[PDB]
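Asks: Once you've had a glance at the structure underneath, I'll fire off some questions.
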Amino acid sequence: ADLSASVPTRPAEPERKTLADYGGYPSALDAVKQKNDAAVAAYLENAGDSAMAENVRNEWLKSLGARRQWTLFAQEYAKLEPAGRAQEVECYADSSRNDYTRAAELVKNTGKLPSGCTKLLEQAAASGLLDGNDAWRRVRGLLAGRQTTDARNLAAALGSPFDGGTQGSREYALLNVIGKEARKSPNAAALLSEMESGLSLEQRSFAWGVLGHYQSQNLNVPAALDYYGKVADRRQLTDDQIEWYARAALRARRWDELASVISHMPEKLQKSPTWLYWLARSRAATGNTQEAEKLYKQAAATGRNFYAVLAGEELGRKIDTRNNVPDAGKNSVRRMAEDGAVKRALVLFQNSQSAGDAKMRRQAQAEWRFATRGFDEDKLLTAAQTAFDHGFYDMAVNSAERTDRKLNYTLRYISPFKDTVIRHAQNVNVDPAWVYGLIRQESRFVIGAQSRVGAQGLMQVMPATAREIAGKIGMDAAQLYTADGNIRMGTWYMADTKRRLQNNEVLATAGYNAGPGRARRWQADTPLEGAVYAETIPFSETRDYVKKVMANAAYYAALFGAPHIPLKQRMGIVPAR
Ligand SMILES: CC(=O)N[C@@H]1[C@@H](O)[C@H](O[C@@H]2O[C@H](CO)[C@@H](O[C@@H]3O[C@H](CO)[C@@H](O[C@@H]4O[C@H](CO)[C@@H](O)[C@H](O)[C@H]4NC(C)=O)[C@H](O)[C@H]3NC(C)=O)[C@H](O)[C@H]2NC(C)=O)[C@@H](CO)O[C@@H]1O
Ligand SMILES: CC(=O)N[C@@H]1[C@@H](O)[C@H](O)[C@@H](CO)O[C@H]1O
């Protein structure tokens, strides 16, 4: 195979123009918030075809839609690239044309939606254009999610308001069971059992789903399964509720019930790597061996993710990190940087480095995603190398991981900084592939990374945690902000957290992100299969984090040439508390 040399040649602008436009970008976003339409229009008038312009235009359109300025809205909406239109902007545009095409899928969402989309659904409901079953499921989901005003407004649009005498008032009164606080009460199940006979099938099913969901996410597995067992129509459940029913069944090793629950999930959820793999494990455990193999093949086909790897291992396939494509040609790598949109991203990236401007760097990321948005796989792999060469490490990974068939593992799983990471890992006796896997997920190798809550650097150590580490290993807490000190702190904390959690690497990974006390709370009174512990982590961020860090670690270990450790063995057994 050759990679194609075809690269885009979009109009380029001088560095001066890119930097001038960025100079005005924060003020343009402020002008949207201040409803200074003349200022926003002036910023966009001579903007390049950039992510800056797209972002300002999208934010402007949300404001124009909220203010029902439809002539100007329609004019600016048409200027967006279709794949660049924000969800809420699309909802406003369709609503302005009385087109409720999107409502049939949007109403399946049981949580907060942007205002334009929330209103699209209310308008569809008032015109009788919503499926009633789905609409009331959304009302219930909003009630259980403390979106009470949105629930009230949708019920009113359905013709049954909360202060009416009918269905809406009954749904609203059920907050004494399904409220965020009510559902935790020791008497919630007794209260629901007393009123059950007066509830509809759908109200009963949803309310038992709320109580089961709370118990399951609290890891009270027997009670969770008792409550979920009372759900007569499982399709009434929110997606989170039915996934937490599956998680309780998985954790209890109820393979039949797990398969039954998965069969009631939306098709989208059934076809996820998670539930393809665990349904396959259920079929294996019940002696449905050929069907297990079929499901493992489907899970393995979903990509490079945690469950695709575990599914491959059940088929006898181990990770193989050789590339199945050649390197991009160097002339194409050079010409890619000449494309106007790629150049703009590289200009903002390089100037963010030289000027120490973290906000400019974030907009450089946005320009990169914008520039590469439509790219076929050959262009993605070419642009990934362009990014890597310029030191734009997170965007090298971003572009390389977006392919489906053409795999360059050296750009998906970059490993800069080995002259620092490897020795710090060795010094505390921790697996370097695990450290690289953790860095990839934490920062994507961005030296200056800072999360919204203040986690800092390559290894995303919190200032309060850095303070404690510094006091234990003879450092100044400000070394958190240097690459070498950050890696020393993060590796030491991986090792210390592991020591505190029965020396288990799965617990340590969870504890790094959620705190050691959380990781320990999530253990059971008996041992847990490692992937079962991971899939039943109550915090969605940490659950996703553990699977991504451990899958990354498996790829790094293969690239590093370490003795082979199957991912299922890396997950191993999480000990009883
Ligand atoms: C929004 C979001 O999720 N951002 C995450 C960010 O949370 C991740 O950072 C991790 O956060 C967790 C949760 O706060 C940190 O856990 C705490 O860690 C400290 C230090 O180990 C624990 O305090 C100590 O507890 C012992 C036991 O009782 C006491 O003896 C000590 O006195 C006490 N020390 C101090 C200084 O108080 C604390 O209990 C943990 N919290 C909980 C709830 O268990 C964790 O350290 C932190 N990780 C790092 C590497 O800093 C971040 C990284 O994944 O990602 C996101 O930005
Ligand atoms: C810069 C930033 O926000 N990085 C976060 C990190 O803080 C978090 O621990 C991790 C969890 O998946 O996800 C990364 O994207």
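Ordering of the structure tokens sets the chain letters (A, B, ...); residue numbers start at 1 within each chain; ligands are numbered from 1 in the order shown.
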Counting only C-alpha atoms and all ligand atoms, which residues of chain A fall within 6 Å of ligand 1, and what is the closest atom pair for each with its distance in Å at one decimal, ordered by chain and rising number, as JSON lines?

Replies:
```
{"residue": "A:451", "atom": "CA", "partner": "ligand 1", "partner_atom_place_in_ligand_line": "57 (O)", "distance": 5.4}
{"residue": "A:453", "atom": "CA", "partner": "ligand 1", "partner_atom_place_in_ligand_line": "1 (C)", "distance": 5.7}
{"residue": "A:455", "atom": "CA", "partner": "ligand 1", "partner_atom_place_in_ligand_line": "57 (O)", "distance": 4.6}
{"residue": "A:460", "atom": "CA", "partner": "ligand 1", "partner_atom_place_in_ligand_line": "53 (C)", "distance": 5.0}
{"residue": "A:461", "atom": "CA", "partner": "ligand 1", "partner_atom_place_in_ligand_line": "51 (O)", "distance": 3.6}
{"residue": "A:462", "atom": "CA", "partner": "ligand 1", "partner_atom_place_in_ligand_line": "51 (O)", "distance": 3.7}
{"residue": "A:464", "atom": "CA", "partner": "ligand 1", "partner_atom_place_in_ligand_line": "36 (C)", "distance": 5.7}
{"residue": "A:465", "atom": "CA", "partner": "ligand 1", "partner_atom_place_in_ligand_line": "51 (O)", "distance": 4.8}
{"residue": "A:468", "atom": "CA", "partner": "ligand 1", "partner_atom_place_in_ligand_line": "36 (C)", "distance": 5.1}
{"residue": "A:512", "atom": "CA", "partner": "ligand 1", "partner_atom_place_in_ligand_line": "48 (N)", "distance": 4.8}
{"residue": "A:513", "atom": "CA", "partner": "ligand 1", "partner_atom_place_in_ligand_line": "54 (O)", "distance": 3.4}
{"residue": "A:514", "atom": "CA", "partner": "ligand 1", "partner_atom_place_in_ligand_line": "12 (C)", "distance": 4.4}
{"residue": "A:515", "atom": "CA", "partner": "ligand 1", "partner_atom_place_in_ligand_line": "16 (O)", "distance": 3.1}
{"residue": "A:516", "atom": "CA", "partner": "ligand 1", "partner_atom_place_in_ligand_line": "44 (O)", "distance": 5.0}
{"residue": "A:517", "atom": "CA", "partner": "ligand 1", "partner_atom_place_in_ligand_line": "44 (O)", "distance": 4.1}
{"residue": "A:518", "atom": "CA", "partner": "ligand 1", "partner_atom_place_in_ligand_line": "44 (O)", "distance": 5.1}
```

Asks: Distance limit 7 Å, reference ligand 2, atoms considered: only C-alpha atoms and all ligand atoms. Which residues make the cut? Give them as a short mmCIF file (atom, residue, chain, number, x, y, z; two decimals) with C-alpha atoms, in the first residue's frame.

Replies:
```cif
data_model
loop_
_atom_site.label_atom_id
_atom_site.label_comp_id
_atom_site.auth_asym_id
_atom_site.auth_seq_id
_atom_site.Cartn_x
_atom_site.Cartn_y
_atom_site.Cartn_z
CA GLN A 441 -5.28 9.76 28.78
CA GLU A 442 -4.47 12.55 31.26
CA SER A 443 -2.84 15.12 28.98
CA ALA A 449 -2.10 21.05 30.42
CA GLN A 450 -4.48 22.51 33.01
CA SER A 451 -7.95 21.13 33.64
CA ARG A 452 -10.89 23.27 34.68
CA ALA A 455 -5.11 19.55 37.57
CA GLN A 460 -2.62 16.10 35.73
CA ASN A 513 -8.29 9.80 39.27
CA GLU A 541 -15.31 9.90 34.36
CA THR A 542 -13.27 7.39 36.35
CA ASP A 544 -14.01 5.63 31.28
CA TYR A 545 -10.55 6.64 32.53
#
```

Asks: Give me, as a count of residues only, all polymer residues having an atom no more than 12 Å from range 405-408 of chain A, counting only C-alpha atoms and skipping those fewer than 2 positions away in the same chain.

Replies: 39

Asks: For the atom pair CA of residue 265 in chain A and CA of residue 313 in chain A, what is the interatomic distance in Å to one decimal place?

Replies: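 Those two atoms sit 25.5 Å apart.
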
Asks: Using only C-alpha atoms, determine which residues lie at most 12 Å from residue 85 in chain A, disregarding the query and same-chain residues fewer than 6 positions distant; provide the list as an mmCIF file with N, CA, C and O atoms, in the first residue's frame.

Replies:
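The result, stored in around-v7.cif:
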```
data_model
loop_
_atom_site.group_PDB
_atom_site.id
_atom_site.type_symbol
_atom_site.label_atom_id
_atom_site.label_comp_id
_atom_site.auth_asym_id
_atom_site.auth_seq_id
_atom_site.Cartn_x
_atom_site.Cartn_y
_atom_site.Cartn_z
ATOM 1 N N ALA A 51 -11.772 28.182 12.531
ATOM 2 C CA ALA A 51 -12.547 27.768 13.690
ATOM 3 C C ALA A 51 -12.946 28.963 14.543
ATOM 4 O O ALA A 51 -13.996 28.927 15.190
ATOM 5 N N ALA A 53 -13.911 31.920 13.439
ATOM 6 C CA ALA A 53 -15.144 32.422 12.847
ATOM 7 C C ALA A 53 -16.299 31.458 13.076
ATOM 8 O O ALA A 53 -17.409 31.883 13.406
ATOM 9 N N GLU A 54 -16.051 30.152 12.930
ATOM 10 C CA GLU A 54 -17.116 29.175 13.129
ATOM 11 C C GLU A 54 -17.635 29.208 14.559
ATOM 12 O O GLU A 54 -18.851 29.170 14.789
ATOM 13 N N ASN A 55 -16.723 29.306 15.532
ATOM 14 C CA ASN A 55 -17.108 29.340 16.938
ATOM 15 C C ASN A 55 -17.916 30.593 17.255
ATOM 16 O O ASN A 55 -18.963 30.523 17.914
ATOM 17 N N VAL A 56 -17.431 31.756 16.808
ATOM 18 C CA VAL A 56 -18.164 32.995 17.043
ATOM 19 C C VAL A 56 -19.536 32.919 16.389
ATOM 20 O O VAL A 56 -20.554 33.266 17.001
ATOM 21 N N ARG A 57 -19.581 32.452 15.139
ATOM 22 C CA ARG A 57 -20.849 32.374 14.416
ATOM 23 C C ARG A 57 -21.841 31.448 15.118
ATOM 24 O O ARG A 57 -23.018 31.795 15.273
ATOM 25 N N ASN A 58 -21.384 30.271 15.565
ATOM 26 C CA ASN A 58 -22.266 29.357 16.289
ATOM 27 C C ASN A 58 -22.786 29.992 17.575
ATOM 28 O O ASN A 58 -23.983 29.929 17.866
ATOM 29 N N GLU A 59 -21.904 30.621 18.361
ATOM 30 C CA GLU A 59 -22.377 31.245 19.594
ATOM 31 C C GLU A 59 -23.330 32.392 19.294
ATOM 32 O O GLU A 59 -24.337 32.569 19.994
ATOM 33 N N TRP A 60 -23.046 33.155 18.239
ATOM 34 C CA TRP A 60 -23.928 34.246 17.833
ATOM 35 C C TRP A 60 -25.304 33.721 17.466
ATOM 36 O O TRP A 60 -26.328 34.281 17.876
ATOM 37 N N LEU A 61 -25.338 32.641 16.680
ATOM 38 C CA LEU A 61 -26.605 32.073 16.239
ATOM 39 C C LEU A 61 -27.433 31.566 17.414
ATOM 40 O O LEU A 61 -28.662 31.703 17.413
ATOM 41 N N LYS A 62 -26.794 30.975 18.428
ATOM 42 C CA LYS A 62 -27.572 30.571 19.601
ATOM 43 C C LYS A 62 -28.266 31.774 20.228
ATOM 44 O O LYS A 62 -29.439 31.695 20.616
ATOM 45 N N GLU A 76 -26.749 34.099 8.666
ATOM 46 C CA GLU A 76 -25.503 33.578 9.218
ATOM 47 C C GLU A 76 -25.479 32.056 9.262
ATOM 48 O O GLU A 76 -24.411 31.456 9.112
ATOM 49 N N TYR A 77 -26.634 31.418 9.461
ATOM 50 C CA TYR A 77 -26.674 29.960 9.493
ATOM 51 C C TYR A 77 -26.117 29.357 8.205
ATOM 52 O O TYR A 77 -25.392 28.353 8.236
ATOM 53 N N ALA A 78 -26.438 29.962 7.067
ATOM 54 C CA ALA A 78 -26.009 29.435 5.780
ATOM 55 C C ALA A 78 -24.508 29.562 5.570
ATOM 56 O O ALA A 78 -23.964 28.900 4.678
ATOM 57 N N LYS A 79 -23.827 30.388 6.373
ATOM 58 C CA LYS A 79 -22.390 30.575 6.231
ATOM 59 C C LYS A 79 -21.590 29.478 6.913
ATOM 60 O O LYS A 79 -20.394 29.329 6.627
ATOM 61 N N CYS A 91 -31.217 22.991 15.900
ATOM 62 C CA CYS A 91 -32.562 22.965 16.475
ATOM 63 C C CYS A 91 -33.293 24.287 16.249
ATOM 64 O O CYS A 91 -34.479 24.300 15.888
ATOM 65 N N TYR A 92 -32.610 25.408 16.491
ATOM 66 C CA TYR A 92 -33.196 26.719 16.231
ATOM 67 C C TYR A 92 -33.589 26.865 14.767
ATOM 68 O O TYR A 92 -34.700 27.313 14.452
ATOM 69 N N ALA A 93 -32.681 26.504 13.856
ATOM 70 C CA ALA A 93 -32.962 26.639 12.425
ATOM 71 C C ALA A 93 -34.190 25.835 12.029
ATOM 72 O O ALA A 93 -35.093 26.350 11.358
ATOM 73 N N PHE A 370 -10.961 21.726 13.306
ATOM 74 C CA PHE A 370 -11.663 22.316 12.174
ATOM 75 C C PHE A 370 -10.961 21.994 10.858
ATOM 76 O O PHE A 370 -11.603 21.594 9.875
#
```

Asks: Output as number ranges by chain all residues of range 347-380 of chain A that backbone DSSP marks as helix (DSSP H, G or I).

Replies: A: 347-355, 358-371, 377-380

Asks: Can you spit out the residues from that selection as a short mmCIF file (atom, residue, chain, number, x, y, z; two decimals), in the first residue's frame, using C-alpha atoms?

Replies:
```
data_model
loop_
_atom_site.label_atom_id
_atom_site.label_comp_id
_atom_site.auth_asym_id
_atom_site.auth_seq_id
_atom_site.Cartn_x
_atom_site.Cartn_y
_atom_site.Cartn_z
CA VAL A 347 0.57 29.46 13.57
CA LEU A 348 -1.56 29.65 16.70
CA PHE A 349 0.21 26.62 18.15
CA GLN A 350 3.74 27.92 17.62
CA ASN A 351 2.90 31.40 18.85
CA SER A 352 1.21 29.89 21.91
CA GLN A 353 4.52 28.17 22.70
CA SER A 354 6.73 31.21 22.15
CA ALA A 355 4.37 33.59 23.99
CA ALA A 358 -2.49 28.66 27.04
CA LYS A 359 -5.74 30.13 25.70
CA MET A 360 -4.18 30.58 22.27
CA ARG A 361 -3.07 26.94 22.43
CA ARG A 362 -6.62 25.82 23.07
CA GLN A 363 -7.80 27.76 20.02
CA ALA A 364 -4.96 26.16 18.03
CA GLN A 365 -6.50 22.80 18.97
CA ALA A 366 -9.87 24.07 17.73
CA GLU A 367 -8.29 25.19 14.46
CA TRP A 368 -6.68 21.77 14.07
CA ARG A 369 -9.97 19.91 14.59
CA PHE A 370 -11.66 22.32 12.17
CA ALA A 371 -8.89 21.98 9.58
CA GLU A 377 -7.66 8.36 6.39
CA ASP A 378 -4.61 9.13 4.23
CA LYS A 379 -4.94 12.85 4.97
CA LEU A 380 -5.45 12.16 8.70
#
```

Asks: Give the answer as one residue: which of A:114, A:229, A:209, A:511 has the shortest atom-to-atom distance to residue 244 in chain A, using only C-alpha atoms?

Replies: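 Closest residue, counting only C-alpha atoms: A:209.
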
Asks: Determine, counting only C-alpha atoms, which protein, DNA and RNA residues have an atom within 9 Å of an atom of residue 222 in chain A; residues of the same chain fewer than 6 positions away are not included. Present the result as a list in words.

Replies: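 Residues meeting the cut-off are residues 215, 216, 248 and 252 of chain A.
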
Asks: May I have the residues within 12 Å of residue 208 in chain A as a ChimeraX atom specification, using only C-alpha atoms and disregarding those fewer than 5 positions away in the same chain?

Replies: /A:144,174,177-178,183,188-193,195-196,199,201-203,213-216,223-234,236-238,241-242,245

Asks: What does the distance between CA of residue 235 in chain A and CA of residue 121 in chain A come to in Å, to one decimal place?

Replies: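 Atom-to-atom, CA of residue 235 in chain A to CA of residue 121 in chain A, that is 20.4 Å.
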
Asks: Using only C-alpha atoms for the distances, tell me which of A:534, A:295, A:576, A:29 is nearest to residue 247 in chain A.

Replies: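 Among A:534, A:295, A:576, A:29, it is A:534 that comes nearest to residue 247 in chain A.
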
Asks: Can you pull out every residue within 8 Å of residue 140 in chain A, counting only C-alpha atoms, but drop anything in the same chain fewer than 4 positions away, and send it as a list in words?

Replies: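 Answer for this query is residues 110, 136, 144, 151, 171 and 206 of chain A.
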
Asks: Please produce a file of the residues just selected, as a PDB file, in the first residue's frame, where the atoms kept are N, CA and C atoms.

Replies:
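The result, written out as out-v3.pdb:
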```pdb
ATOM      1  N   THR A 110     -33.121  11.689  27.759  1.00  0.00           N
ATOM      2  CA  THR A 110     -33.834  11.911  29.010  1.00  0.00           C
ATOM      3  C   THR A 110     -33.151  12.921  29.922  1.00  0.00           C
ATOM      4  N   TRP A 136     -43.225  11.076  27.491  1.00  0.00           N
ATOM      5  CA  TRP A 136     -43.407  10.970  28.929  1.00  0.00           C
ATOM      6  C   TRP A 136     -42.194  10.344  29.595  1.00  0.00           C
ATOM      7  N   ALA A 144     -36.284  13.161  37.283  1.00  0.00           N
ATOM      8  CA  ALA A 144     -35.267  12.461  38.059  1.00  0.00           C
ATOM      9  C   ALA A 144     -33.907  13.138  37.980  1.00  0.00           C
ATOM     10  N   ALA A 151     -39.081  19.605  32.663  1.00  0.00           N
ATOM     11  CA  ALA A 151     -40.125  18.591  32.776  1.00  0.00           C
ATOM     12  C   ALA A 151     -41.508  19.227  32.785  1.00  0.00           C
ATOM     13  N   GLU A 171     -47.221  12.349  37.503  1.00  0.00           N
ATOM     14  CA  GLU A 171     -45.781  12.193  37.316  1.00  0.00           C
ATOM     15  C   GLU A 171     -45.008  13.072  38.288  1.00  0.00           C
ATOM     16  N   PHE A 206     -40.531   3.007  35.618  1.00  0.00           N
ATOM     17  CA  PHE A 206     -39.526   4.052  35.744  1.00  0.00           C
ATOM     18  C   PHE A 206     -39.105   4.238  37.193  1.00  0.00           C
TER      19      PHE A 206
END
```

Asks: Tell me which of A:495, A:456, A:373, A:75 sits closest to residue 427 in chain A, counting only C-alpha atoms.

Replies: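 Ranked by minimum distance to residue 427 in chain A, first place goes to A:495.
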